[PDB]
Each structure stands twice: as structure tokens, then as C-alpha cells.
Amino acid sequence: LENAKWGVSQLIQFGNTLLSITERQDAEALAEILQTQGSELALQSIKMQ
Amino acid sequence: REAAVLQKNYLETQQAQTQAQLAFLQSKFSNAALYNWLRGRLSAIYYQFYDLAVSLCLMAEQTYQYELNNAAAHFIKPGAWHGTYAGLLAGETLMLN
Amino acid sequence: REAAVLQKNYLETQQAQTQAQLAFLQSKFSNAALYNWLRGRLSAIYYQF
Amino acid sequence: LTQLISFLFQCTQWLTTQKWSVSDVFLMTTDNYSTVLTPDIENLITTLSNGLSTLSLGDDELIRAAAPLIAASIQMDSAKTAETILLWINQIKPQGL
Amino acid sequence: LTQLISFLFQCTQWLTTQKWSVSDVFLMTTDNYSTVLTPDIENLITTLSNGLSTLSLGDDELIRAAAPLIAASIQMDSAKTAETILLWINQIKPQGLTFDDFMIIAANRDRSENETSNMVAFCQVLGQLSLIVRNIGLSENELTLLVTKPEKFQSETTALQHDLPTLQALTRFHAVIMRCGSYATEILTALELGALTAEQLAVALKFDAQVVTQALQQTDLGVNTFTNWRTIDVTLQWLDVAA
Amino acid sequence: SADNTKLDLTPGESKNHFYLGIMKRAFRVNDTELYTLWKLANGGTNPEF
């Protein structure tokens with residue numbers, strides 16, 4: 001039971017870390033796509049000026 | 001007219017700064033590529049660790065069923081790796097069991 | 001008039017980019033549905049614990 | 001006839017006050033729905049099968065057990081809302097269930 | 001001649017609708033790619049060599065083992081998307097390489113120039129597939145359907161190709177499914193089976209049941225349900241003309 | 001002319017195109033929409049027009 005509780009506590013740690021990694025990944029991809037479309041809008045605004 | 005030319009130069013400066021921010025987001029070490037590699041590698045290690053920990057829980061269940069003379073004591077529920085949510089909270093379900 | 005047409009094209013680009021952000025928030029893995037499922041499952045496990 | 005006209009008028013007024021469409025109210029109030037096995041329904045099936053423990057006692061205890069899992073599956077925020085929706089559907093019984 | 005003119009016109013229209021360039025479609029669909037050993041390909045090699053355990057069994061188990069590592073290496077978000085892309089490339093085999101015998105050309109560090117050229121072509125086809133998925137937008141419930149059962153894409157295809165018409169039809173398929181909105185998963189899982197009929201597509205696209213079933217009877221005189229995507233597309237073309 | 005002439009409003013079995021086109025233009029409606037308009041008038045049925 002001590003060995004099993006060890007392994008399951010390590011698995012809890014890995015699941016928490018995987019959750020944090022995938023939400024950081026999603027926020028990073030969001031910021032990247034925001035910068036790309038901001039660049040395109042800046043080009044269009046220069047063409048308007 | 002000269003004021004409008006200065007305004008166009010301001011807009012060109014804004015475009016150059018947005019390009020600099022995009023280049024920084026590409027060239028930073030903690031970009032999206034590092035997190036993609038982290039989540040893929042960690043999903044692989046997490047699944048293999050799920051196999052190992054459910055094997056250890058089955059070891060403990062076999063031990064309990066041998067000690068208390070009862071072969072029907074089934075405490076580890078089948079499941080707990082829900083693949084559509086990538087098997088999260090598997091450690092929570094196994095800790096509960 | 002041509003400047004106003006370019007402005008309307010800029011506004012259409014802004015609408016398309018906001019739709020792209022909404023589609024990204026729907027299609028990301030760490031959306032609201034994953035957190036809803038996490039809080040329900042964890043509330044059940046928390047009560048039994 | 002004038003009852004039908006007044007009903008259609010006040011229903012259209014309430015609809016455009018609530019900023020819904022006829023398709024939206026038809027989704028929330030229809031009875032000609034599909035019979036196909038949706039992946040959301042499959043996830044509800046496997047969640048409500050695996051996460052649930054031994055078979056419990058009716059609306060008194062089985063509903064309070066299964067309300068967090070149902071609020072997990074269909075995207076509701078409160079287990080109390082899921083519980084009273086389960087009472088709502090138990091006093092309604094769609095297709096005898 | 002007029003077929004070529006119409007093809008170039010509708011390809012340019014789909015291109016400017018999708019806001020891509022000819023260079024972008026050439027990147028996603030070319031066949032004259034490089035043979036040089038990219039650092040991304042080197043990272044894929046060392047990841048898929050070191051992180052992988054003992055040598056597993058084919059598309060059944062080795063693909064499910066190596067899909068998180070491939071989704072880690074080339075920047076995809078889901079191991080299920082990486083798995084169905086691996087099935088896509090295993091039924092395509094660029095330069096003879098399946099997913100097996102790419103692992104064996106990898107993990108050696110002593111290979112021929114043809115061997116590293118074949119592994120580089122394999123990794124570049126993988127990158128092209130990553131772009132062709134994340135550019136058009138596919139959360140794999142539409143994609144793995146067309147990968148596993150390409151009959152549901154078209155009844156004549158039987159092998160989902162890397163071609164420009166397959167890309168354009170993928171675009172229009174994804175556009176119709178995203179236009180379905182709230183019923184999109186129901187339309188997809190009804191096309192998974194053969195139960196997708198009228199009064200479901202007409203509900204999902206806010207049409208009339210009799211108009212939809214008249215167009216379906218016009219494109220197929222006795223097929224009551226939607227058994228394919230090509231009948232759905234020509235049905236919506238009939239509806240567009242009638243509207 | 002409002003004659004008592006029978007006409008089945010199912011969208012394929014009319015063959016009396018004069019009254020059909022006159023009704024469709026006067027009600028600004030399609031064949032199918034006219035048929036479901038007549039079906040709403042008799043509670044989902046089409047007895048006889």
C-alpha cells in the first residue's frame with residue numbers, strides 16, 4: 001500500500017504538471033495568433049493612411 | 001499634409017514594433033514549440049506511468065484479496081483513464097480506490 | 001469614398017479575426033468544457049474522500 | 001383565431017426581447033430530435049458508468065451521487081442545478097425513461 | 001482548355017477566399033522539397049529515438065506509442081491528430097517509407113545519403129500534413145473519419161490524397177461542417193454511420209425538409225440518406241442554384 | 001378566376017401551372033412553402049384544395 005500510494009502520488013503530480021503545460025501552451029498560441037493578426041491590421045492601416 | 005505624412009510615419013513605426021514583438025515571440029525560448037514538445041513528451045510519460053501505477057494498484061488489490069480471505073473484493077474500478085480528456089485525474093481516482 | 005471602403009474592409013478583417021479567436025477558444029484543449037468536467041469529477045472524488 | 005394571433009404576437013415579442021431566434025427556441029423546445037449516438041452522449045455514458053460507484057437508491061441517493069458526474073458531462077456549473085434538473089426530468093420521463 | 005481555365009479560376013477563388021498565397025499552397029502541396037538535414041528533423045530523430053521504449057507492433061501499438069512524441073516534435077496539439085496523421089502517411093508512403101522503416105532509418109546514426117534523404121522526405125511530408133491540418137482547421141473527428149473511411153469523403157476515392165482537389169474539398173467540407181454550427185457533431189456522427197438524412201441537414205443549415213429532399217432526390221434518385229460528402233456538396237449546390 | 005377546380009398542392013403532381021404560378025406569385029411563396037402553408041392550414045394534412 002505504501003508503494004502504491006507512492007506511485008499514485010507521483011501520478012497526481014504528473015497530471016497536475018500536464019494540465020499546467022497544456023494551458024500554458026494554449027495561452028502561448030493565443031498570444032502568437034494575436035500578434036500575427038495585429039501585424040496584418042497594421043499593414044492595412046498604413047495602406048489606409 | 002506634412003502632419004499626415006508624420007502620421008503615416010507613426011503608423012510605420014507601429015508596424016515595425018508589432019513585427020519586433022512577433023519576432024520576439026518567435027525567438028523566445030519559452031515559445032509555443034517548447035510547450036508543444038513538453039505536452040507531447042509528458043503525455044507519453046504520463047500514459048506509461050498510468051500503466052505502472054494501475055499495475056501497482058492491482059498488486060495491492062491482489063494482496064488485500066489474499067490477506068482478507070475474499071476473492072471478490074474488487075476495489076480498483078475499471079476505467080479512470082478517460083482518453084477524451086487525455087486521462088486527467090487518474091491519480092485522483094486511484095487515490096480514491 | 002475609397003478611404004471609407006478601405007475602412008469597411010478593415011472592420012471586416014477585425015470581425016474575421018475576432019471569429020478566429022472565438023474558434024480558437026472553442027477548439028483549444030484547455031477550454032471551459034475540460035474545466036467543467038474537471039470540477040464535477042473532482043467534486044465527486046472530494047466528497048467521497 | 002384572435003387567441004392564436006395574440007399568442008404568436010406576444011411570443012415573437014418575447015423572442016425578440018430575449019434576442020433569440022426561432023431556431024434557438026426550436027432547439028430548446030423541440031421533440032423531433034435525432035436518435036444518433038453523439039460523442040457527447042458517449043462521453044456521458046462512459047463517465048456515468050465508470051465514475052459512479054455501486055448501484056445506489058433512487059432519487060434520494062443515486063441522484064445526489066450522479067449529479068456531479070452529470071454536471072461534469074453536460075456543461076453545467078452546479079451539482080445542485082444538476083440535481084434539480086434530474087428531479088425535473090424524473091418528473092417528466094422522456095420516452096418512459 | 002475550358003476545363004483548365006475553370007480549374008485555375010476556381011482554384012484562385014478558393015485561394016483568395018482562404019487568404020493564402022501560391023507560395024503557401026506550394027509549401028503545403030509541393031513534391032520538390034529539400035533533402036538537407038534540418039535541425040527540426042534532427043530533434044525529431046533524437047526525440048523519437050530516445051523517448052520511445054522497446055520496438056513495438058506496427059500501426060496498432062507503435063503508432064499509439066509514438067503519436068505523443070511526434071505531436072511533441074512537430075507542433076501539433078493532439079496525440080489523436082498525430083495518430084490519424086500517422087495513419088494518413090502510412091496509407092500514402094512517401095518514397096516507399098511507412099512509419100515503420102522510418103524508425104529503423106532513425107536510431108542508427110550511421111545511414112546512407114539515400115537513407116537520410118528518405119527520412120528527410122518523410123519528415124517534410126509530416127510537416128506538410130501538419131500545415132494542411134492546422135491551416136484548414138480540423139479537430140480530428142472530421143479528419144480521422146476521412147482517413148479511416150475515405151468512402152465517406154467520396155465513393156470513388158478509397159485513399160485520401162495529398163492533392164489540391166482533395167485540399168479544396170477538405171476546405172468546403174470543413175466550411176459546411178462549421179456552417180452547421182450547434183448540430184455539427186451530430187452531422188459528423190450521422191455521416192459516420194449511414195443515418196444522415198434530410199430533416200437533420202435541413203435543420204442544421206436552416207433549410208426546408210422538402211427542398212433538401214428534392215435536391216437529394218435530384219442528385220440521387222433512390223438514395224434516401226446522405227451516404228457521402230460528394231452528394232452533400234452537390235446537394236448544397238442544387239440548393240444554391242434554386243435559392 | 002376563383003373556380004372550384006381541384007389542384008393537389010404536393011409539389012410534383014399539379015400540372016396545372018396557371019393557378020399554381022398565380023397562387024405562388026400572389027402569396028410570394030415557393031411550391032414547397034405553399035404546400036407546407038396548406039399543411040399548416042389543415043393540421044399537417046392536405047385533404048383537398
# chains A, B, ... in the order shown; residues from 1 in each chain; ligands from 1
call {"tool": "interface_residues", "arguments": {"of": "chain C", "to": "chain A", "cutoff": "7 Å", "atoms": "only C-alpha atoms", "output": "list in words"}}
result
residues 3, 6, 10, 17, 28 and 30 of chain C
call {"tool": "write_last_selection", "arguments": {"atoms": "C-alpha atoms", "output": "CSV table (one decimal), in the first residue's frame"}}
result
chain,number,residue,atom,x,y,z
C,3,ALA,CA,-10.9,55.5,-48.0
C,6,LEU,CA,-10.9,50.5,-47.1
C,10,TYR,CA,-10.6,46.9,-42.1
C,17,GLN,CA,-10.0,37.9,-36.5
C,28,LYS,CA,-8.4,24.6,-27.6
C,30,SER,CA,-8.0,23.6,-22.2
call {"tool": "interface_residues", "arguments": {"of": "chain B", "to": "chain E", "cutoff": "8 Å", "atoms": "only C-alpha atoms", "output": "mmCIF file with C-alpha atoms, in the first residue's frame"}}
result
data_model
loop_
_atom_site.group_PDB
_atom_site.id
_atom_site.type_symbol
_atom_site.label_atom_id
_atom_site.label_comp_id
_atom_site.auth_asym_id
_atom_site.auth_seq_id
_atom_site.Cartn_x
_atom_site.Cartn_y
_atom_site.Cartn_z
ATOM 1 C CA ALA B 33 7.129 24.999 -29.681
ATOM 2 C CA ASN B 36 4.117 21.607 -27.581
ATOM 3 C CA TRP B 37 7.137 19.362 -27.099
ATOM 4 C CA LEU B 38 6.587 19.400 -23.340
ATOM 5 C CA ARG B 39 2.947 18.362 -23.596
ATOM 6 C CA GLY B 40 3.676 15.573 -26.083
ATOM 7 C CA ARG B 41 6.594 14.123 -24.116
ATOM 8 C CA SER B 43 1.589 12.833 -22.277
ATOM 9 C CA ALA B 44 3.697 9.836 -23.301
#
call {"tool": "residues_around", "arguments": {"residues": "residue 81 in chain E", "least_positions_apart": "6", "cutoff": "10 Å", "atoms": "only C-alpha atoms", "output": "PyMOL selection string"}}
result
chain E and resi 67-68+71+87+130+133+138-141+143-144
call {"tool": "write_last_selection", "arguments": {"atoms": "C-alpha atoms", "output": "compact mmCIF listing (two decimals), in the first residue's frame"}}
result
# COMPACT_ATOMS: atom_id res chain seq x y z
CA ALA E 67 1.99 9.78 -31.57
CA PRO E 68 2.65 11.87 -28.40
CA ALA E 71 2.95 15.67 -31.67
CA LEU E 87 -2.35 6.66 -40.47
CA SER E 130 0.70 19.41 -40.01
CA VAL E 133 -4.40 20.22 -40.87
CA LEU E 138 -9.68 20.01 -38.20
CA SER E 139 -10.31 18.69 -34.69
CA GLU E 140 -9.76 15.11 -35.95
CA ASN E 141 -13.36 13.97 -35.65
CA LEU E 143 -10.19 14.25 -40.12
CA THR E 144 -9.94 10.68 -38.81
call {"tool": "closest_atom_pairs", "arguments": {"of": "chain B", "to": "chain C", "cutoff": "12 Å", "atoms": "only C-alpha atoms", "output": "Markdown table"}}
result
| residue | atom | partner | partner_atom | distance |
| --- | --- | --- | --- | --- |
| B:39 | CA | C:29 | CA | 11.5 |
| B:80 | CA | C:41 | CA | 10.7 |
| B:82 | CA | C:37 | CA | 11.1 |
| B:84 | CA | C:34 | CA | 9.7 |
| B:85 | CA | C:34 | CA | 6.9 |
| B:86 | CA | C:29 | CA | 9.5 |
| B:87 | CA | C:38 | CA | 11.0 |
| B:88 | CA | C:38 | CA | 8.2 |
| B:89 | CA | C:38 | CA | 7.8 |
| B:90 | CA | C:41 | CA | 10.6 |
| B:91 | CA | C:45 | CA | 10.9 |
| B:92 | CA | C:45 | CA | 7.2 |
| B:93 | CA | C:45 | CA | 7.2 |
| B:94 | CA | C:45 | CA | 10.3 |
| B:95 | CA | C:49 | CA | 9.1 |
| B:96 | CA | C:49 | CA | 6.6 |
| B:97 | CA | C:49 | CA | 9.8 |
call {"tool": "interface_residues", "arguments": {"of": "chain B", "to": "chain A", "cutoff": "9 Å", "atoms": "only C-alpha atoms", "output": "PyMOL selection string"}}
result
chain B and resi 4-5+7-9+11-12+14-16+18-19+21-22+25-26+30-36+38-39+42-43+45-46+49-50+52-57+59-60+87-92+94-95
call {"tool": "write_last_selection", "arguments": {"atoms": "N, CA and C atoms", "output": "compact mmCIF listing (two decimals), in the first residue's frame"}}
result
# COMPACT_ATOMS: atom_id res chain seq x y z
N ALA B 4 0.00 64.78 -41.93
CA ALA B 4 -0.45 63.45 -42.34
C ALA B 4 0.71 62.54 -42.71
N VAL B 5 1.78 63.12 -43.26
CA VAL B 5 2.99 62.34 -43.56
C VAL B 5 3.64 61.86 -42.27
N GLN B 7 1.98 61.31 -39.56
CA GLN B 7 1.08 60.26 -39.08
C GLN B 7 1.35 58.93 -39.76
N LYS B 8 1.64 58.95 -41.06
CA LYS B 8 1.98 57.72 -41.76
C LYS B 8 3.30 57.14 -41.26
N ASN B 9 4.24 58.02 -40.91
CA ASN B 9 5.49 57.55 -40.32
C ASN B 9 5.26 56.93 -38.95
N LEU B 11 2.48 55.35 -38.13
CA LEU B 11 1.88 54.05 -38.39
C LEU B 11 2.92 53.03 -38.86
N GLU B 12 3.92 53.48 -39.62
CA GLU B 12 5.01 52.59 -39.99
C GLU B 12 5.83 52.17 -38.78
N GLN B 14 4.58 51.85 -35.77
CA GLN B 14 3.74 50.86 -35.08
C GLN B 14 3.82 49.49 -35.74
N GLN B 15 3.87 49.45 -37.08
CA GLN B 15 4.01 48.18 -37.78
C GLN B 15 5.36 47.53 -37.48
N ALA B 16 6.43 48.34 -37.44
CA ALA B 16 7.75 47.80 -37.13
C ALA B 16 7.83 47.28 -35.70
N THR B 18 5.24 46.08 -33.94
CA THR B 18 4.47 44.85 -33.89
C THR B 18 5.24 43.69 -34.51
N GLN B 19 6.00 43.98 -35.57
CA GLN B 19 6.88 42.96 -36.13
C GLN B 19 7.98 42.57 -35.16
N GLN B 21 7.69 42.60 -31.87
CA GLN B 21 7.05 41.75 -30.87
C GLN B 21 6.81 40.35 -31.40
N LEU B 22 6.43 40.24 -32.68
CA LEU B 22 6.22 38.92 -33.27
C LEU B 22 7.52 38.15 -33.39
N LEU B 25 8.31 36.86 -29.96
CA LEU B 25 7.52 35.68 -29.62
C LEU B 25 8.00 34.45 -30.38
N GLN B 26 8.54 34.64 -31.58
CA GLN B 26 9.14 33.51 -32.27
C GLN B 26 10.46 33.09 -31.64
N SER B 30 10.85 30.18 -24.34
CA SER B 30 9.58 29.65 -23.87
C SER B 30 8.45 29.96 -24.85
N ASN B 31 8.64 29.59 -26.11
CA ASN B 31 7.63 29.83 -27.13
C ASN B 31 6.61 28.70 -27.12
N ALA B 32 5.78 28.65 -28.17
CA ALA B 32 4.76 27.61 -28.24
C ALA B 32 5.36 26.26 -28.60
N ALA B 33 6.52 26.26 -29.26
CA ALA B 33 7.13 25.00 -29.68
C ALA B 33 7.63 24.20 -28.49
N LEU B 34 8.24 24.89 -27.51
CA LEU B 34 8.70 24.24 -26.30
C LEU B 34 7.54 23.64 -25.52
N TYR B 35 6.43 24.36 -25.44
CA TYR B 35 5.28 23.84 -24.72
C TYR B 35 4.60 22.70 -25.47
N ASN B 36 4.64 22.73 -26.80
CA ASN B 36 4.12 21.61 -27.58
C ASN B 36 4.94 20.35 -27.35
N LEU B 38 6.79 19.77 -24.73
CA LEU B 38 6.59 19.40 -23.34
C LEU B 38 5.29 18.63 -23.16
N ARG B 39 4.21 19.07 -23.79
CA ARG B 39 2.95 18.36 -23.60
C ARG B 39 2.93 17.02 -24.31
N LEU B 42 5.31 14.73 -22.14
CA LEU B 42 4.71 14.47 -20.84
C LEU B 42 3.46 13.63 -20.97
N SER B 43 2.73 13.72 -22.08
CA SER B 43 1.59 12.83 -22.28
C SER B 43 2.04 11.39 -22.44
N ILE B 45 4.89 10.05 -21.19
CA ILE B 45 5.39 9.58 -19.90
C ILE B 45 4.24 9.38 -18.92
N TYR B 46 3.21 10.22 -19.02
CA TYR B 46 2.04 10.12 -18.15
C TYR B 46 1.25 8.85 -18.44
N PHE B 49 3.28 5.88 -17.11
CA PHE B 49 3.19 5.90 -15.66
C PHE B 49 1.82 5.48 -15.17
N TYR B 50 0.77 5.75 -15.96
CA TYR B 50 -0.56 5.24 -15.64
C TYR B 50 -0.58 3.73 -15.67
N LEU B 52 1.99 1.75 -15.11
CA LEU B 52 2.76 1.27 -13.96
C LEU B 52 1.97 1.41 -12.66
N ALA B 53 1.29 2.53 -12.47
CA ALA B 53 0.57 2.73 -11.22
C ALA B 53 -0.69 1.88 -11.13
N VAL B 54 -1.36 1.61 -12.25
CA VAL B 54 -2.51 0.72 -12.16
C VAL B 54 -2.04 -0.72 -11.95
N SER B 55 -0.83 -1.05 -12.41
CA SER B 55 -0.27 -2.36 -12.09
C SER B 55 0.06 -2.47 -10.61
N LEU B 56 0.57 -1.39 -10.01
CA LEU B 56 0.85 -1.41 -8.58
C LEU B 56 -0.43 -1.48 -7.76
N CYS B 57 -1.49 -0.81 -8.22
CA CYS B 57 -2.76 -0.88 -7.51
C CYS B 57 -3.37 -2.27 -7.62
N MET B 59 -1.55 -4.98 -7.87
CA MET B 59 -0.73 -5.72 -6.92
C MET B 59 -1.27 -5.60 -5.50
N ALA B 60 -1.60 -4.37 -5.08
CA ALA B 60 -2.14 -4.17 -3.73
C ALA B 60 -3.52 -4.79 -3.57
N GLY B 87 -6.97 11.50 -20.11
CA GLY B 87 -6.69 10.74 -18.91
C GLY B 87 -6.31 11.55 -17.70
N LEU B 88 -6.88 12.74 -17.54
CA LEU B 88 -6.59 13.51 -16.35
C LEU B 88 -7.38 12.96 -15.16
N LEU B 89 -6.92 13.32 -13.96
CA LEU B 89 -7.49 12.91 -12.66
C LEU B 89 -7.44 11.39 -12.43
N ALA B 90 -6.59 10.69 -13.19
CA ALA B 90 -6.42 9.26 -12.99
C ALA B 90 -5.81 8.98 -11.63
N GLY B 91 -4.87 9.83 -11.20
CA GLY B 91 -4.32 9.70 -9.88
C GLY B 91 -5.33 10.00 -8.79
N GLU B 92 -6.28 10.88 -9.07
CA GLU B 92 -7.34 11.14 -8.11
C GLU B 92 -8.24 9.93 -7.95
N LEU B 94 -7.43 6.78 -8.60
CA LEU B 94 -6.67 5.70 -7.97
C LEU B 94 -6.41 5.97 -6.50
N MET B 95 -6.23 7.23 -6.11
CA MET B 95 -6.11 7.55 -4.69
C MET B 95 -7.42 7.28 -3.96
call {"tool": "interface_residues", "arguments": {"of": "chain D", "to": "chain C", "cutoff": "12 Å", "atoms": "only C-alpha atoms", "output": "compact mmCIF listing (two decimals) with C-alpha atoms, in the first residue's frame"}}
result
# COMPACT_ATOMS: atom_id res chain seq x y z
CA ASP D 40 -21.04 13.80 -26.16
CA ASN D 43 -18.76 10.57 -23.05
CA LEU D 44 -21.78 10.89 -20.76
CA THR D 47 -18.41 8.92 -17.38
CA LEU D 48 -21.67 7.94 -15.69
CA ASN D 50 -17.06 4.38 -14.77
CA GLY D 51 -17.07 7.23 -12.27
CA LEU D 52 -20.17 6.02 -10.50
CA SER D 53 -19.76 3.51 -7.67
CA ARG D 64 -27.04 13.04 -5.29
CA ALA D 65 -24.30 10.65 -6.34
CA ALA D 66 -24.68 11.18 -10.09
CA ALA D 67 -25.33 14.94 -10.13
CA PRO D 68 -21.61 15.92 -10.05
CA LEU D 69 -20.88 13.49 -12.87
CA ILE D 70 -23.80 14.78 -14.95
CA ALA D 71 -22.78 18.39 -14.27
CA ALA D 72 -19.32 17.30 -15.37
CA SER D 73 -20.62 15.76 -18.58
CA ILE D 74 -23.17 18.27 -19.80
CA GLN D 75 -21.65 21.63 -19.11
CA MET D 76 -23.48 22.87 -16.03
CA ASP D 77 -21.82 24.73 -13.21
CA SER D 78 -23.52 23.48 -10.05
CA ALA D 79 -24.24 19.99 -8.78
CA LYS D 80 -27.35 21.46 -7.16
CA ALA D 82 -27.79 19.23 -12.00
call {"tool": "residues_around", "arguments": {"residues": "residue 86 in chain D", "least_positions_apart": "5", "cutoff": "9 Å", "atoms": "only C-alpha atoms", "output": "MDAnalysis selection string"}}
result
chainID D and resid 59 63 67 81 91
call {"tool": "write_last_selection", "arguments": {"atoms": "C-alpha atoms", "output": "JSON list (two decimals), in the first residue's frame"}}
result
[["chain", "number", "residue", "atom", "x", "y", "z"],
["D", 59, "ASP", "CA", -33.70, 9.97, -6.43],
["D", 63, "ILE", "CA", -29.31, 11.42, -7.88],
["D", 67, "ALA", "CA", -25.33, 14.94, -10.13],
["D", 81, "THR", "CA", -28.55, 22.67, -10.58],
["D", 91, "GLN", "CA", -41.00, 14.05, -13.06]]
call {"tool": "residues_around", "arguments": {"residues": "range 28-40 of chain F", "least_positions_apart": "3", "cutoff": "7 Å", "atoms": "only C-alpha atoms", "output": "ChimeraX atom specification"}}
result
/E:210-211 /F:9-11,24-25,43-46
call {"tool": "residues_around", "arguments": {"residues": "residue 4 in chain F", "least_positions_apart": "3", "cutoff": "12 Å", "atoms": "only C-alpha atoms", "output": "list in words"}}
result
residues 1, 7, 19, 48 and 49 of chain F
call {"tool": "write_last_selection", "arguments": {"atoms": "N, CA and C atoms", "output": "short mmCIF file (atom, residue, chain, number, x, y, z; two decimals), in the first residue's frame"}}
result
data_model
loop_
_atom_site.label_atom_id
_atom_site.label_comp_id
_atom_site.auth_asym_id
_atom_site.auth_seq_id
_atom_site.Cartn_x
_atom_site.Cartn_y
_atom_site.Cartn_z
N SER F 1 -59.48 33.23 -62.12
CA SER F 1 -60.89 33.16 -61.76
C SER F 1 -61.06 32.10 -60.70
N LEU F 7 -56.88 20.98 -57.25
CA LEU F 7 -55.45 21.06 -57.54
C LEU F 7 -54.70 20.54 -56.33
N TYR F 19 -52.87 28.27 -62.32
CA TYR F 19 -53.30 28.59 -60.96
C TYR F 19 -52.15 28.45 -59.98
N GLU F 48 -57.81 18.25 -49.61
CA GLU F 48 -58.16 18.58 -50.98
C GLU F 48 -58.18 20.09 -51.16
N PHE F 49 -57.57 20.60 -52.21
CA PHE F 49 -57.60 22.03 -52.48
C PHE F 49 -58.50 22.28 -53.68
#
